[PDB]
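See below for the structure under consideration.
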Amino acid sequence: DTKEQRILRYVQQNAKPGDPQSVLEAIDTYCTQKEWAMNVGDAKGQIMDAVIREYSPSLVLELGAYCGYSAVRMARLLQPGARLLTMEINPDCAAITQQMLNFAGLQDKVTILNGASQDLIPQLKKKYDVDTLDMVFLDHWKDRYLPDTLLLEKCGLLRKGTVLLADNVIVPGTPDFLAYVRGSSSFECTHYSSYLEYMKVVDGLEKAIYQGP
Ligand SMILES: Cc1ncnc2c1ncn2[C@@H]1O[C@H](/C=C/CNC(=O)c2cc(-c3ccc(F)cc3)cc(O)c2O)C[C@H]1O
Ligand SMILES: [Cl-]
Ligand SMILES: [Cl-]
Ligand SMILES: [Cl-]
Ligand SMILES: [Mg+2]
C-alpha cells in the first residue's frame, strides 16, 4: 500500500463517520506522528477557514485534491446549497478523496472530478453547468498554477470578485504565478504568512481577487 491509503485507513480506524472535524484531526495526528504528507495542514487550514467564512462562496473549485483534507476543510464550512468541485489527476487519490468525503458525510456537497485540470476546466460550463466560480483553491503541481489561472480566464469562468487562494507560495513556491498575479492590474493580492504543514518552516497563502479584464 501507499502512504495515501495508510492515511485513509487511519481515519477509518480512528475518526467518527459524519464528523468532519474528527476526520481532519485524525489526518493531522497521523501526519504529525507517523508519516508527513502534503495536506494543507492545520496552520494554513485555519487561514483557509477564515477566508471561506469571510466570503461565503456558493461555488468553489479546488485544483489538486490529494487525499481530500482541504476538500473536507472547505466543504464543512460551505453554506447550505453551496458546492465544491475538486479536480484530481491521480485516480488513486481521486478515489481516496471520494472515500474521505463519504466518511466525513460531506459527499452531497462535493463533486470529485478525476482528470487533469487543463482537460477538465474547458468542460465546466457545458458538462458541469458552471457559469462562473466564486472561489478557486490552487494546490496542485506548482507549475500549473499560472497556466490554469490563464485557462480559467480564457474559458470565461472568472467573474469580477472571484477569489483565488493559492497554497505554497513560499514553499515549494510558484514563482511565475506569484509574480504574475502581484504584477497584474487584474488581481488584488494579499499574502497570509503561515507554516508548511506539520513543519516549523514558513509558508503562506496568496489571495488574488480577480478584477475583470
Ligand atoms: C494538472 C493537475 N490536475 C489535477 N490534479 C493534479 C494536477 N497536478 C497535480 N494534481 C494533483 O494535486 C496533488 C499534488 C500537488 C502538488 N503539491 C505539492 O507538490 C506540495 C508540496 C509540498 C512540499 C513542501 C516542502 C517539501 F519539502 C516537499 C513538499 C507541500 C505542499 O503543500 C504541496 O501542495 C496530487 C496530484 O495528483
Ligand atoms: Cl490537502
Ligand atoms: Cl498533465
Ligand atoms: Cl500544521
Ligand atoms: Mg499544498
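The way I read the labels, and the way they are meant: chains A, B, ... in the order of the C-alpha cells, residue 1 as the first residue of every chain, and ligand 1 as the first ligand shown, with later ones counted on from there.
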Spatial neighbours of range 135-140 of chain A, max dist 7 Å, only C-alpha atoms, sep filter under 6 positions, as a ChimeraX atom specification:
/A:57,59-64,162-167
Output C-alpha atoms of each residue in that selection to a file, as a PDB file, in the first residue's frame.
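Contents of the output file selection09.pdb:
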ATOM      1  CA  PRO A  57     -18.746  31.244  -1.708  1.00  0.00           C
ATOM      2  CA  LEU A  59     -19.302  27.571  -5.921  1.00  0.00           C
ATOM      3  CA  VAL A  60     -15.669  26.677  -5.163  1.00  0.00           C
ATOM      4  CA  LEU A  61     -13.176  24.937  -7.488  1.00  0.00           C
ATOM      5  CA  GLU A  62     -10.231  23.073  -5.990  1.00  0.00           C
ATOM      6  CA  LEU A  63      -7.243  22.145  -8.167  1.00  0.00           C
ATOM      7  CA  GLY A  64      -5.450  19.109  -6.687  1.00  0.00           C
ATOM      8  CA  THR A 162     -13.660  35.714  -7.901  1.00  0.00           C
ATOM      9  CA  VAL A 163     -11.276  34.818  -5.067  1.00  0.00           C
ATOM     10  CA  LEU A 164      -8.169  32.777  -5.920  1.00  0.00           C
ATOM     11  CA  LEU A 165      -6.474  31.257  -2.897  1.00  0.00           C
ATOM     12  CA  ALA A 166      -3.096  29.632  -3.611  1.00  0.00           C
ATOM     13  CA  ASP A 167      -1.200  27.252  -1.351  1.00  0.00           C
TER      14      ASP A 167
END
Just asking: which residues within range 21-165 of chain A are helix (DSSP H, G or I) according to DSSP, as a PyMOL selection string?
chain A and resi 21-33+41-55+69-75+91-104+107-109+117-127+142-154
Write out as a ChimeraX atom specification which residues come within 8 Å of residue 27 in chain A when counting only C-alpha atoms, dropping same-chain ones fewer than 4 positions away.
/A:7,10-11,23,31,69
Next, dump the selected residues to file, keeping only N, CA and C atoms, as a short mmCIF file (atom, residue, chain, number, x, y, z; two decimals), in the first residue's frame.
data_model
loop_
_atom_site.label_atom_id
_atom_site.label_comp_id
_atom_site.auth_asym_id
_atom_site.auth_seq_id
_atom_site.Cartn_x
_atom_site.Cartn_y
_atom_site.Cartn_z
N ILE A 7 -3.13 6.80 5.24
CA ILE A 7 -3.84 7.91 5.88
C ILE A 7 -5.35 7.59 5.92
N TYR A 10 -6.11 5.02 8.57
CA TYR A 10 -6.03 5.56 9.90
C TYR A 10 -7.29 6.33 10.25
N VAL A 11 -7.80 7.12 9.32
CA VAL A 11 -9.08 7.81 9.51
C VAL A 11 -10.19 6.81 9.77
N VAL A 23 -12.29 13.79 11.30
CA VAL A 23 -11.51 13.37 10.15
C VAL A 23 -10.27 14.23 10.02
N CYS A 31 -0.18 12.48 10.30
CA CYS A 31 0.88 13.11 9.55
C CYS A 31 1.90 13.77 10.44
N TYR A 69 -8.08 16.31 2.27
CA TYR A 69 -8.05 17.07 3.52
C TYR A 69 -8.65 18.48 3.31
#
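With only C-alpha atoms as the atoms that count, the minimum distance from residue 53 in chain A to the choices A:5, A:149, A:184, A:79 is reached by A:79.
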Nearest candidate to residue 101 in chain A (options A:147, A:81, A:18, A:183; using only C-alpha atoms)
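Selected residue with least distance to residue 101 in chain A: A:18.
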Wanna dump the chain A-ligand 4 contacts at 9 Å for me, each residue with its shortest atom pair and the distance in Å to one decimal, counting only C-alpha atoms and all ligand atoms, ordered by chain and number, as CSV?
residue,atom,partner,partner_atom_place_in_ligand_line,distance
A:28,CA,ligand 4,1 (Cl),7.2
A:32,CA,ligand 4,1 (Cl),8.3
A:39,CA,ligand 4,1 (Cl),8.7
A:40,CA,ligand 4,1 (Cl),7.4
A:41,CA,ligand 4,1 (Cl),4.2
A:42,CA,ligand 4,1 (Cl),4.1
A:43,CA,ligand 4,1 (Cl),4.5
A:44,CA,ligand 4,1 (Cl),6.8
A:45,CA,ligand 4,1 (Cl),7.7
A:195,CA,ligand 4,1 (Cl),6.9
A:196,CA,ligand 4,1 (Cl),6.6
A:197,CA,ligand 4,1 (Cl),4.0
A:198,CA,ligand 4,1 (Cl),4.1
A:199,CA,ligand 4,1 (Cl),6.6
A:200,CA,ligand 4,1 (Cl),8.7
Can you write just those residues out, N, CA, C and O atoms, as an mmCIF file, in the first residue's frame?
data_model
loop_
_atom_site.group_PDB
_atom_site.id
_atom_site.type_symbol
_atom_site.label_atom_id
_atom_site.label_comp_id
_atom_site.auth_asym_id
_atom_site.auth_seq_id
_atom_site.Cartn_x
_atom_site.Cartn_y
_atom_site.Cartn_z
ATOM 1 N N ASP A 28 -4.315 14.989 10.703
ATOM 2 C CA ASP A 28 -3.218 15.763 11.254
ATOM 3 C C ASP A 28 -2.388 14.967 12.249
ATOM 4 O O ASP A 28 -1.161 15.056 12.268
ATOM 5 N N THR A 32 1.547 14.033 11.692
ATOM 6 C CA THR A 32 2.481 14.528 12.686
ATOM 7 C C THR A 32 3.272 13.404 13.371
ATOM 8 O O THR A 32 4.480 13.518 13.567
ATOM 9 N N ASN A 39 -0.752 17.489 2.916
ATOM 10 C CA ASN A 39 -2.045 18.104 3.166
ATOM 11 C C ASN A 39 -1.819 19.576 3.542
ATOM 12 O O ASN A 39 -0.767 19.892 4.073
ATOM 13 N N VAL A 40 -2.819 20.443 3.366
ATOM 14 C CA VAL A 40 -2.545 21.857 3.634
ATOM 15 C C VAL A 40 -2.237 22.052 5.131
ATOM 16 O O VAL A 40 -1.530 22.982 5.465
ATOM 17 N N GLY A 41 -2.780 21.205 5.997
ATOM 18 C CA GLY A 41 -2.429 21.224 7.403
ATOM 19 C C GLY A 41 -3.295 22.191 8.212
ATOM 20 O O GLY A 41 -4.079 22.954 7.689
ATOM 21 N N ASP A 42 -3.104 22.134 9.531
ATOM 22 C CA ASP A 42 -3.944 22.906 10.430
ATOM 23 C C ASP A 42 -3.559 24.381 10.427
ATOM 24 O O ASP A 42 -4.447 25.240 10.590
ATOM 25 N N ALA A 43 -2.282 24.751 10.285
ATOM 26 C CA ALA A 43 -1.854 26.137 10.386
ATOM 27 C C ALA A 43 -2.457 26.931 9.229
ATOM 28 O O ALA A 43 -3.189 27.927 9.421
ATOM 29 N N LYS A 44 -2.177 26.517 8.010
ATOM 30 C CA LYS A 44 -2.735 27.155 6.853
ATOM 31 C C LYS A 44 -4.209 26.889 6.776
ATOM 32 O O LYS A 44 -5.018 27.697 6.284
ATOM 33 N N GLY A 45 -4.666 25.718 7.249
ATOM 34 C CA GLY A 45 -6.086 25.387 7.251
ATOM 35 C C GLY A 45 -6.934 26.351 8.036
ATOM 36 O O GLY A 45 -8.020 26.685 7.620
ATOM 37 N N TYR A 195 2.755 28.524 8.058
ATOM 38 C CA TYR A 195 3.752 27.486 8.180
ATOM 39 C C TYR A 195 3.403 26.315 7.313
ATOM 40 O O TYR A 195 2.223 25.948 7.188
ATOM 41 N N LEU A 196 4.433 25.760 6.691
ATOM 42 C CA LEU A 196 4.321 24.488 5.995
ATOM 43 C C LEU A 196 3.639 23.467 6.876
ATOM 44 O O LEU A 196 3.969 23.358 8.077
ATOM 45 N N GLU A 197 2.722 22.678 6.334
ATOM 46 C CA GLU A 197 2.055 21.645 7.064
ATOM 47 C C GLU A 197 3.018 20.783 7.857
ATOM 48 O O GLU A 197 4.020 20.285 7.335
ATOM 49 N N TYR A 198 2.747 20.676 9.155
ATOM 50 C CA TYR A 198 3.417 19.762 10.063
ATOM 51 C C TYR A 198 4.883 20.112 10.257
ATOM 52 O O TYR A 198 5.647 19.286 10.768
ATOM 53 N N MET A 199 5.306 21.334 9.938
ATOM 54 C CA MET A 199 6.710 21.724 9.978
ATOM 55 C C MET A 199 6.863 23.142 10.486
ATOM 56 O O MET A 199 6.005 23.984 10.262
ATOM 57 N N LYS A 200 7.990 23.422 11.091
ATOM 58 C CA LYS A 200 8.346 24.762 11.527
ATOM 59 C C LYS A 200 9.143 25.481 10.435
ATOM 60 O O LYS A 200 10.365 25.768 10.571
#
Between A:133, A:4, A:120, A:66, which one has atoms that come closest to residue 84 in chain A, using only C-alpha atoms?
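Using only C-alpha atoms, the shortest distance to residue 84 in chain A belongs to A:133.
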Every residue of range 5-120 of chain A that DSSP places in strand (DSSP E), as a PyMOL selection string
chain A and resi 59-63+83-88+110-114
Atoms to include: C-alpha atoms. Write the selected residues as an mmCIF file, in the first residue's frame.
data_model
loop_
_atom_site.group_PDB
_atom_site.id
_atom_site.type_symbol
_atom_site.label_atom_id
_atom_site.label_comp_id
_atom_site.auth_asym_id
_atom_site.auth_seq_id
_atom_site.Cartn_x
_atom_site.Cartn_y
_atom_site.Cartn_z
ATOM 1 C CA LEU A 59 -19.302 27.571 -5.921
ATOM 2 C CA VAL A 60 -15.669 26.677 -5.163
ATOM 3 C CA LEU A 61 -13.176 24.937 -7.488
ATOM 4 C CA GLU A 62 -10.231 23.073 -5.990
ATOM 5 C CA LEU A 63 -7.243 22.145 -8.167
ATOM 6 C CA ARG A 83 -20.922 23.364 -3.625
ATOM 7 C CA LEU A 84 -17.304 22.327 -4.199
ATOM 8 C CA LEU A 85 -15.808 20.882 -7.388
ATOM 9 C CA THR A 86 -12.388 19.286 -6.906
ATOM 10 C CA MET A 87 -10.093 18.093 -9.700
ATOM 11 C CA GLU A 88 -7.614 15.281 -9.148
ATOM 12 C CA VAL A 110 -18.669 17.893 -3.389
ATOM 13 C CA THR A 111 -18.025 16.564 -6.866
ATOM 14 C CA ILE A 112 -14.666 14.840 -7.320
ATOM 15 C CA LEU A 113 -13.566 15.009 -10.911
ATOM 16 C CA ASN A 114 -10.868 12.521 -11.906
#
At most 9 Å from ligand 3 (only C-alpha atoms and all ligand atoms): residue list as a VMD selection string:
chain A and resid 89 115 to 119 144
Leaving out residue 132 in chain A and any residue of its chain fewer than 3 positions from it, which residues lie within 9 Å of it when counting only C-alpha atoms, given as a PyMOL selection string?
chain A and resi 59+125+156-159+162
Any chance you could export the current selection's N, CA and C atoms as a PDB file, in the first residue's frame?
ATOM      1  N   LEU A  59     -19.943  28.565  -5.059  1.00  0.00           N
ATOM      2  CA  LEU A  59     -19.302  27.571  -5.921  1.00  0.00           C
ATOM      3  C   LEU A  59     -17.807  27.753  -5.814  1.00  0.00           C
ATOM      4  N   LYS A 125     -18.307  24.562 -18.050  1.00  0.00           N
ATOM      5  CA  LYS A 125     -19.569  25.206 -18.469  1.00  0.00           C
ATOM      6  C   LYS A 125     -20.574  24.278 -19.066  1.00  0.00           C
ATOM      7  N   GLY A 156     -13.860  31.821 -19.488  1.00  0.00           N
ATOM      8  CA  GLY A 156     -14.955  32.632 -19.002  1.00  0.00           C
ATOM      9  C   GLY A 156     -15.434  32.247 -17.620  1.00  0.00           C
ATOM     10  N   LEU A 157     -14.582  31.577 -16.837  1.00  0.00           N
ATOM     11  CA  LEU A 157     -15.011  31.019 -15.549  1.00  0.00           C
ATOM     12  C   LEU A 157     -14.770  31.963 -14.367  1.00  0.00           C
ATOM     13  N   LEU A 158     -14.036  33.049 -14.595  1.00  0.00           N
ATOM     14  CA  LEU A 158     -13.799  34.046 -13.549  1.00  0.00           C
ATOM     15  C   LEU A 158     -14.761  35.173 -13.710  1.00  0.00           C
ATOM     16  N   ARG A 159     -15.241  35.726 -12.605  1.00  0.00           N
ATOM     17  CA  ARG A 159     -16.035  36.939 -12.614  1.00  0.00           C
ATOM     18  C   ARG A 159     -15.312  38.004 -11.821  1.00  0.00           C
ATOM     19  N   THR A 162     -14.073  37.076  -8.173  1.00  0.00           N
ATOM     20  CA  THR A 162     -13.660  35.714  -7.901  1.00  0.00           C
ATOM     21  C   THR A 162     -12.397  35.703  -7.054  1.00  0.00           C
TER      22      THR A 162
END
For each of A:174, A:190, A:102, A:90, take the minimum atom-to-atom distance to ligand 5, counting only C-alpha atoms and all ligand atoms, then give the residue where this is smallest.
A:174
Of the residues A:142, A:191, A:16, A:9, which is the one nearest to ligand 1, using only C-alpha atoms and all ligand atoms?
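When distances to ligand 1 are compared using only C-alpha atoms and all ligand atoms, the smallest one comes from A:142.
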All residues 10 Å or closer to residue 173 in chain A, only C-alpha atoms, same chain fewer than 5 positions away omitted, as a ChimeraX atom specification:
/A:142-143,167-168,178,203-204
Of the residues A:56, A:107, A:12, A:193, which is the one nearest to residue 171 in chain A, using only C-alpha atoms?
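Among the listed residues, A:193 lies closest to residue 171 in chain A.
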Between CA of residue 145 in chain A and CA of residue 177 in chain A, measure the distance and give it in Å to one decimal.
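Computed distance, CA of residue 145 in chain A to CA of residue 177 in chain A, equals 6.0 Å.
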Residues within 10 Å of residue 187 in chain A, only C-alpha atoms, excluding chain neighbours under 4 positions, as a list in words:
residues 160, 161, 162, 163, 164, 180, 181, 182, 183, 207, 208, 209, 210, 211, 212 and 213 of chain A
Can you tell me how far CA of residue 202 in chain A sits from CA of residue 55 in chain A, in Å to one decimal?
25.3 Å
